[PDB]
Amino acid sequence: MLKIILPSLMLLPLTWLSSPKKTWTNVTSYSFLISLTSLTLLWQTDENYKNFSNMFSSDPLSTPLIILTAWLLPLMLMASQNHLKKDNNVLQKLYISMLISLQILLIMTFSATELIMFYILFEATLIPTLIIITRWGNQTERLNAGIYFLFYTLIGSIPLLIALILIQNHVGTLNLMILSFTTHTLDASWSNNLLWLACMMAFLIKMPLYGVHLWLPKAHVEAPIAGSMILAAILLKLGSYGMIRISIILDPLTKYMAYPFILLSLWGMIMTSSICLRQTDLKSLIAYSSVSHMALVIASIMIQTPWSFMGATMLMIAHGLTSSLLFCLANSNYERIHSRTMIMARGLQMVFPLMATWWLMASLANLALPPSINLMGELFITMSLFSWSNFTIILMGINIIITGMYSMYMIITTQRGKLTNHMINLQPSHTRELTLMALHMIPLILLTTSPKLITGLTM
Amino acid sequence: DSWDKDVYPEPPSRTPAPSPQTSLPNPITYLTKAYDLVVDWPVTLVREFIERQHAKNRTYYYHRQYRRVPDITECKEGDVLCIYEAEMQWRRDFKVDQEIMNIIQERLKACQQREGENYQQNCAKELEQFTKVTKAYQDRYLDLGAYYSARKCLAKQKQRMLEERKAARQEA
Amino acid sequence: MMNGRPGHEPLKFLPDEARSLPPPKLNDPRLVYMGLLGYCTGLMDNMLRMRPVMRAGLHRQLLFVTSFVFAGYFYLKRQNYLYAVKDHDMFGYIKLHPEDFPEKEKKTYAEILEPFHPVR
Amino acid sequence: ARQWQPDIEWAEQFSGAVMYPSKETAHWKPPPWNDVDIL
Amino acid sequence: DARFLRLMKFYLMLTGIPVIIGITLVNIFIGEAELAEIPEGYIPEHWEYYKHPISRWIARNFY
Amino acid sequence: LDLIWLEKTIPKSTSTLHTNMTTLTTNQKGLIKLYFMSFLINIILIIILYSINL
Amino acid sequence: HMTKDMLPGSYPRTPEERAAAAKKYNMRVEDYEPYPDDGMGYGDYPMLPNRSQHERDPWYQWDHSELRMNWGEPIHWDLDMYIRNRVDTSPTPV
Amino acid sequence: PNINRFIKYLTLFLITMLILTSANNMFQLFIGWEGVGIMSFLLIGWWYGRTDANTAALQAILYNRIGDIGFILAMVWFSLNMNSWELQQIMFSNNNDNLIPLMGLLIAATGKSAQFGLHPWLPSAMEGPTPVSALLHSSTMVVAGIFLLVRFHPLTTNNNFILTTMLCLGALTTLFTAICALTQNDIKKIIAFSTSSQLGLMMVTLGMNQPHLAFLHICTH
Amino acid sequence: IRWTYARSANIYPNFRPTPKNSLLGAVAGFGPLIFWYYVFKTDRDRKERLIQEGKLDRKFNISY
Amino acid sequence: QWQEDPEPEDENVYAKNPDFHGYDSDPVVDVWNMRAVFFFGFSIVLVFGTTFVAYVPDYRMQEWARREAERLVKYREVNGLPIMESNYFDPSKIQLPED
Amino acid sequence: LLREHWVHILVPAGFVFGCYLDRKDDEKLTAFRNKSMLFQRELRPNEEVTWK
Ligand SMILES: CCCCCCCCCCCCCCCCCC(=O)OC[C@H](COP(=O)(O)OCCN)OC(=O)CCCCCCCCCCCCCCCCC
Ligand SMILES: CCCCCCCCCCCCCCCCCC(=O)OC[C@H](COP(=O)(O)OCCN)OC(=O)CCCCCCCCCCCCCCCCC
């Protein structure tokens, strides 16, 4: 997998060497094709994993993501052509390159055989992200948000560093292939009960768990649209990908060491879903929607039943695409409105007829409408959770009712009701804004036709 | 050649004759005549012309046959090479043993649409099988996590082979 | 560590014994990296000194890409030796003191009984 | 609307001989820029 | 909100129809293959195990 | 529970714990006598650390 | 553009502060009744009558028509709840 | 000004309604169950500007989603225990417990069919255009709850407990809704209450385990 | 703007930990989180026992 | 007060360039930055990509397993063997602990 | 070909280099070339490599 990567690196030379006026089209047009080369990995004609080479591999779980990581770079660069079009021609070429490095790094992290290669690349992605959030962040508080995003991930990260070096000494190689075909069975000691927490905690932090998710609402609030898309679509899912590949070892402990997180997540799912119900900042509501719909995932990567896992793989890819779509349209309202407040800007369909159709489809993806991969995902996690304990439906049942309420409230108070009297007149929709959306949903429609590709390792 | 009758048994068809008890015309008969003349003949003509074009240039495709490698039961410990070739041989049969169960899921479904109001009885050739096959799938692949591996089926079995040996010894 | 080894060359860079090892292919990814590492140093310099970034010091750019690379071949040539000594040393000991590193025997998975923890 | 660049007040805090000023520590004053004192 | 669709409904329909012409004409004239027995030592090539012709064109030429 | 209790406990507390710890460790007279005496204490403790673990 | 002076602050302790805040919030100094000081965050935000926008005169030309709220009038803490959609505190014949 | 969009959603409603009608596996039944719910939301609040229409639309989604929790519970129970969402196999669960699941479908029916629990959104649904009120509020959308139980009644006959449960609640909704209708002074709202009262009678026949006649009333209703 | 600042950025600067706030700030975070644990542990334990003793039917369940 | 610029206004790019596509202010760059984005975006990724992804053959072997089952079910049923025997790794291979 | 037609060849070239670098890895990991058990066959006539 060096075509999904080397051609990517070369994007950096192109963003720099290219003309200031033509820099945007060379980069966006080329990475669209970079995504097309990424699609070749999907050609798996047998169940064996495609080990491209010693360090680089792609199995069913990584492949559905590498393609998404390559896909969003085009979109990210199309959603940030407006803001970042007021810059000095060298601030742009920095932002474009920053976005380019994220998927170079993220493509490799999702396509990495050695778990510590994951760690080095895993924690590197913070550098590009923190720059995108802090350097271009509009609000006074991004310095703070950046600190929260760096420390919560970093304090979790050093325990994983110690744990992975620890298993290398215990087993003798951090190669995901071998670690899988070798006998690593923890022994339920008090210490192992700590190892397990060391490995999972760093992944559980960037996958916002109810206890440590305050970093994500603060980060996406002041982050520029491209950073918020990256955090929701690819960055948070880095934590999920890690939990799937790391729990191959630590096989016995999670049977009983998971209860704490599972309950934290399911109760967390309800409270995070509910506070979405009365949050005035739209970007705030989407972020907590992201916490709740990701709290379902940590509760399926821990129950560990075949269906959970691919419920997880289905939902992660699906929610990634949906969340960005929501964060992308939130930005289009923010740029014309100039405020994140949900109460202002009422009645837009009256003035932006189509964006409202995109808003409606994004919300229906947000809630579980049935001919969507989003629902298949939740339906499956719901099933397994029920298997874990029939009572789980109650808590995963209060979340579904709340999820319907906030998803439609975003449509009802932003895209319906009487028009706002006279905010700065709202200029019509650009074709870029609409495509950036179409590019998010057309793939959501196509993937829903053949869900098999994003089903995970389990199935 | 679309489906092998012996893998998807279809009970023979018995149809009551068309016995009319009224001089009133039976609309469907007339409609069906039309459907054939307007909807079938036209289509029928096209289809054939398809298959003849297909015949002019005909190709074949085979079904990879996988030689059987040594199973984990016999495979050195720590030898990642042998075990890798043997966890695949199982993960492969984890699927071949799963579409089999897909067929019994299906063969039955049909046998309860084809025998309504009698499903309680006529369709018990299958449901006896749906337990003869489910009691087995449950005994070789169920407790396992999402990290299903041949080593774990080897243990799921061998935890119970004690029981078919402790219980037996116990009965004494 | 590896110092104090018999025959150690007290201040030498790479003892001739390292002649036995294969020479680093000039295009070894690493030496090529050092090259790029170098080009960047050059470009960076131009930048910090406020010169046209790429179109200036085309002589320097060469000194850089060619100094770093030169350094590489002769460094890697050594680091490669050091690692090679490590095996000579390591493998030898495994034998000279065989009992301490016995070849234990691994049973087939049939014999071994690994406890099955159901997921349920 | 432009990214908020830091104003004078945000800058002020970083002055003073200690970032997080203590009870008695705050009483101190920043070192002379020339590295030479008036005494 | 209408200039967009004439452009989106167009450049999909631009490359979309030549595809649809391609899937239909191939599926019509060339056709999926019929399954057969490996003939005592044919050792069939990778492309030989797939049904649809263009789905084994990609396999023969690129994988 | 969001905002105050989950921000005062984990994110903010760790902020304060350190802030306070730096305030005591870095509030130094700057006088040499004080500092030096601390060297005295150290020599004493290390002398002991060796002594008791002889 | 809005100085902190014009944004919410701490519980008005002295009476001059209770009259300074009432200016910030465009209220009458004798109507500013700070939310009770129990340290739950309300701060100086006025404790406006808990009445929903439903019974705000439905004929008057409210600047913000749908929130039935004028421009400048102190917004209620829970206006996300007593809005014309979500909750209805309105008198009932029974 | 937007007649064409209105006709467009009405047929999309019909497509979801018929999919809900003819659905073998229940995953497709869900696609229909949720699908009519969303387009009802789009069509009750046709005139989005009016907040009253928006309030009713959010009402309808909330009541339907409480019902959705029941269908998900039944789906999950049939995704475990007997294993396939296809009706042709679910019906092999006749001699099992089938209470955890059918109680779920009864919950789904009560929300969709406006039984005494969460009965109010169908009166609220009249905030929609009158034609929308006729085809979806009057016939296809509400009967969906009655239709689901008739589909699953081979299982319903086995459990006596749930049969009287819906006989009882169907009965309470019949009079509760009818008594409310006597004094209502809005013509559309009297007819809507009558829609609920007749379905209450339907619910009663399903509760007395008489599925075929219940379907007969659905068509005549 | 005075409303949003009062509601998401003027809260923690006006937080003083009292009683009726920390007792009520622990019953809300750990109360149900401990409730459901004894709801899920007891169920999961009931299930496991029954499976171990051989009573749970797990019929036609070929999935999980 | 200190020196600094006054907040700049945001231009109505739709006032000039009434055909603004949202990519860049000068018109030709805009046209050529959508003529290449709709094309490389939709015309040869959503179309050529979906074509290729649709034609990936027997993805993860699930087209192979519905036949291998059919010949195994064909072979097992006709020869009278159990369709899915109840132990997979043969009991003979397994040397159970003798205790 | 350098009137801005050379910046367009940068990425296309990266693909080529990648493909080359990639096929190189195949050359390195060629042990068990055909020595695997499931896929071990006698080199058919006129074939010196089962997979290249
Ligand atoms: C890949 C990993 C994840 C990557 C994410 C980002 C990728 C972006 C770049 C690549 C985008 C395209 C490639 C990825 C998606 C591929 C989808 C696809 O290939 O569709 C296959 C489909 C043919 O179906 P087939 O594959 O044969 O199904 C198996 C049946 N046994 O081919 C078709 O028939 C296409 C048909 C198009 C029209 C579909 C019309 C029906 C739509 C139903 C919508 C239902 C409601 C959806 C609601 C959503 C929420 C509102
Ligand atoms: C919203 C609809 C709710 C519908 C509830 C339906 C309940 C069905 C009957 C359940 C009880 C009998 C079950 C019989 C078969 C299962 C037997 C079993 O294993 O369950 C054990 C469980 C034990 O729970 P508990 O009573 O707390 O025991 C703790 C002992 N130290 O037994 C129990 O869990 C008893 C309690 C069951 C109901 C739990 C609460 C459900 C609703 C919770 C809403 C959210 C509550 C949040 C509370 C926060 C508190 C701070």
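Criteria and cut-off values
- Residues numbered from 1 in each chain as written, not as in the entry; some residues may be left out.
- Chains lettered and ligands numbered in written order.
- Part of a larger assembly, values for the part shown.
- Heavy atoms only, no water.
- Helix = DSSP H or I, 4+ residues; strand = E, 2+ residues; numbered from the N terminus.
- Expected span 1.5 Å × (residues − 1).
- Bend = angle between axes of the 7 residues up to and from the residue.
- Buried < 20%, exposed > 50% of the residue type's maximum accessible area, 1.4 Å probe, protein only.
- Contact = heavy atoms within 4.5 Å.
- Salt bridge = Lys/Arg side-chain N within 4 Å of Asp/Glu carboxyl O.
- Buried area = accessible area lost by both parts, 1.4 Å probe.
- Polar contact = N/O pair within 3.5 Å; in protein donor to acceptor, adjacent residues only side chain to side chain.
- Nonpolar A, V, L, I, M, F, W, Y, C, P; charged D, E, K, R; others polar.
- Patch = residues over 30% accessible without salt bridge, like charges linked within 9 Å, V, L, I, M, F, W, Y side chains within 5 Å.
- Areas by Shrake-Rupley, 256 points an atom, 1.4 Å probe, with all protein chains shown as cover.
- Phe/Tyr/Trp six-rings, centres within 6.5 Å; stacked < 30°, edge-to-face > 60°.
- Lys NZ or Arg CZ within 6 Å of the ring centre and 35° of its normal.
- UniProt positions renumbered as here; feature names shortened; annotations may be inferred.
- Near = heavy atom within 4 Å.

Peer 1: Mind laying out helix α1 (residues 27–56) of chain B, listing which residues take part and the relevant values?
Peer 2: Residues separated by three or four positions in an α-helix point in the same direction, a consequence of the helix having 3.6 residues per turn. Helix length check: α1 of chain B (30 residues) gives 42 Å between terminal C-alpha atoms against 44 Å at 1.5 Å per residue, within 8%. At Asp 40 of chain B, α1 of chain B shows its strongest bend, of approximately 40 degrees, with the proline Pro 42 of chain B following within four residues. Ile 50, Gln 53 and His 54 of chain B are the residues of α1 of chain B that are buried. Residues of α1 of chain B that are buried in the fold lie against α1 (3–30) of chain E.

Peer 1: Summarise the environment of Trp 33 of chain H; cite the residues concerned and give the values.
Peer 2: Residue and element names in this part refer to chain H. Position of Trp 33 among the secondary structure elements: in helix α2 (residues 26–44). For the pair formed by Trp 33 and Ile 19, sequence separation is 14 residues and the distance between their alpha carbons is 9.0 Å. Not counting residues up to four positions away in its chain, the partners in contact with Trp 33 are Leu 20, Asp 68, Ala 108, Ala 109, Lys 112, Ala 144, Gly 145 and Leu 148.

Peer 1: Any chance you could break down the pattern of salt bridges for me, citing the residues and the numbers?
Peer 2: The tally for this structure, following the rule as stated, stands at 51 salt bridges over all chains. A salt bridge links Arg 44 of chain K to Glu 45 of chain E; its shortest N-O distance comes to 2.7 Å. With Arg 44 of chain K in the segment after α1 (10–28) and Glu 45 of chain E in the loop between β1 (34–35) and α2 (53–62), this residue pair bridges two chains. For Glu 45 of chain E, a relative accessible area of 27% gives the class partly exposed. A single salt-bridge network, built from bridges that share partners, covers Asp 143 of chain B, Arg 120 of chain C together with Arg 44, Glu 48 and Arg 58 of chain I.

Peer 1: I'd like a description of the interface of chain A and chain B, backed by residues and values.
Peer 2: Each partner contributes to the interface: chain A provides 21 residues, whereas chain B provides 17 residues. With both chains or domains summed, chain A and chain B bury close to 1500 Å², and 55% of this area falls on carbon and sulfur atoms. Ranking the residues of chain A by area buried against chain B places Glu 47, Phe 181 and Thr 458 of chain A at the top, with a combined share of 40%. The tally of links between chain A and chain B comes to two salt bridges. The partner of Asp 251 of chain A in a salt bridge is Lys 152 of chain B, with the nearest N and O atoms 3.6 Å apart. Counting every contact that joins chain A to chain B gives eight residue pairs in polar contact. When contributions to the side of chain A that touches chain B are tallied by element, the ones reaching two or more residues are α9 (176–180), α12 (225–246) and α16 (306–337) of chain A. For the side of chain A that touches chain B, the element with the most residues is α9 of chain A, which contributes three residues. Counted by class, the side of chain A that touches chain B contains 10 nonpolar, eight polar and three charged residues.

Peer 1: Just give me the short version of the arrangement of the chains, but keep the residues and values in it.
Peer 2: There are 27 pairs of chains in contact here; the most contacts are made by chains B and J. Of all C-alpha pairs spanning chain B and chain D, none lies closer than 47 Å, and the two are not in contact. The least C-alpha distance between chain D and chain K, which are not in contact, is 33 Å.

Peer 1: Any chance you could break down a nonpolar patch on the surface for me, citing the residues and the numbers?
Peer 2: Residues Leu 17 of chain A, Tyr 39, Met 44, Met 47, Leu 48, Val 53 and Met 54 of chain C together with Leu 1, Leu 2, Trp 6 and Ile 9 of chain K make up a contiguous nonpolar surface patch of about 1100 Å² in total accessible area. Looking at the nonpolar patch element by element, the count peaks at four residues for helix α1 (residues 29–48) of chain C. Relative to the elements of secondary structure, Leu 1 of chain K occurs in the segment before α1.

Peer 1: Tell me about the packing of aromatic side chains, and please be specific about residues and values.
Peer 2: For the structure shown, the criterion picks out 65 aromatic pairs over all chains. Judged by centre distance (6.0 Å) and plane angle (55 degrees), the rings of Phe 4 of chain E and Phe 38 of chain J are tilted. Of the two residues, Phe 4 of chain E is situated in helix α1 and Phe 38 of chain J in helix α2 (residues 37–46); the pairing between them involves two chains. For the pair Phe 4 of chain E and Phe 38 of chain J, a shared accessibility class is recorded, and that class is buried. Relative to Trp 77 of chain G, the ring of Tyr 42 of chain G has its centre 5.0 Å away and its plane inclined at 65 degrees; by these criteria the two rings are edge-to-face. Of this pair, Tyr 42 of chain G sits in the segment after α1 (15–24) while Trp 77 of chain G is found in the segment after α1, placing the two residues 35 residues apart along the sequence. Looking at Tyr 42 of chain G, the relative accessible area reads 28%, which means it is partly exposed. Taken together, the ring pairs in this structure connect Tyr 259 and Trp 388 of chain A together with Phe 35, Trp 36, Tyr 37, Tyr 38 and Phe 40 of chain I into an aromatic cluster. Directly above the ring of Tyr 141 of chain B sits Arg 140 of chain B, whose terminal nitrogen or CZ lies 5.0 Å from the centroid. We note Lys 12 of chain F situated over the ring of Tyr 12 of chain I; from NZ or CZ to the ring centre the distance is 4.8 Å.

Peer 1: Can you lay out the UniProt feature "transmembrane region" in chain C for me, pointing to particular residues and giving the numbers?
Peer 2: UniProt annotation of "transmembrane region" refers to residues 57–76 of chain C when read in the numbering used here. As annotated, residues 57–76 of chain C has a helix share of 95% and a strand share of 0%, and its two end C-alpha atoms lie 28 Å apart.

Peer 1: An account of the site of ligand 2 is needed here, citing residue identities and associated values.
Peer 2: The environment of ligand 2 is formed by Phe 391 and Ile 394 of chain A together with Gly 31, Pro 32, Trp 36, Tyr 38, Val 39, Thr 42, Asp 43 and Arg 46 of chain I. With respect to ligand 2, its neighbouring residues span chains A and I. At a separation of 2.8 Å, an oxygen atom of ligand 2 approaches a polar side-chain atom of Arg 46 of chain I. Protein coverage of the free-state accessible area of ligand 2, which is 1100 Å², stands at 43%. Counting only elements with at least two residues in the shell around ligand 2, the list comes to α2 (31–35) and α3 (37–53) of chain I. Here the shell around ligand 2 gets five residues from one element, more than from any other, and that element is α3 of chain I.

Peer 1: Run through the site of ligand 1, naming residues and quoting values.
Peer 2: Neighbouring residues of ligand 1: 18 residues in total, closest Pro 64, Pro 371, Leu 446 and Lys 452 of chain A together with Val 53 of chain J. With respect to ligand 1, its neighbouring residues span chains A and J. Here an oxygen atom of ligand 1 sits 3.5 Å away from a polar atom, N or O, in the side chain of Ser 450 of chain A. Here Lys 452 of chain A contributes a side-chain N or O atom positioned 3.1 Å from an oxygen atom of ligand 1.

Peer 1: So what's going on with the UniProt feature "transmembrane region" in chain K? Residues and values would help.
Peer 2: Summarizing the sequence annotation, UniProt attributes the feature "transmembrane region" to residues 5–21 of chain K in the numbering used throughout. The annotated region residues 5–21 of chain K carries 71% helix and 0% strand content, and the separation between its end C-alpha atoms amounts to 25 Å.

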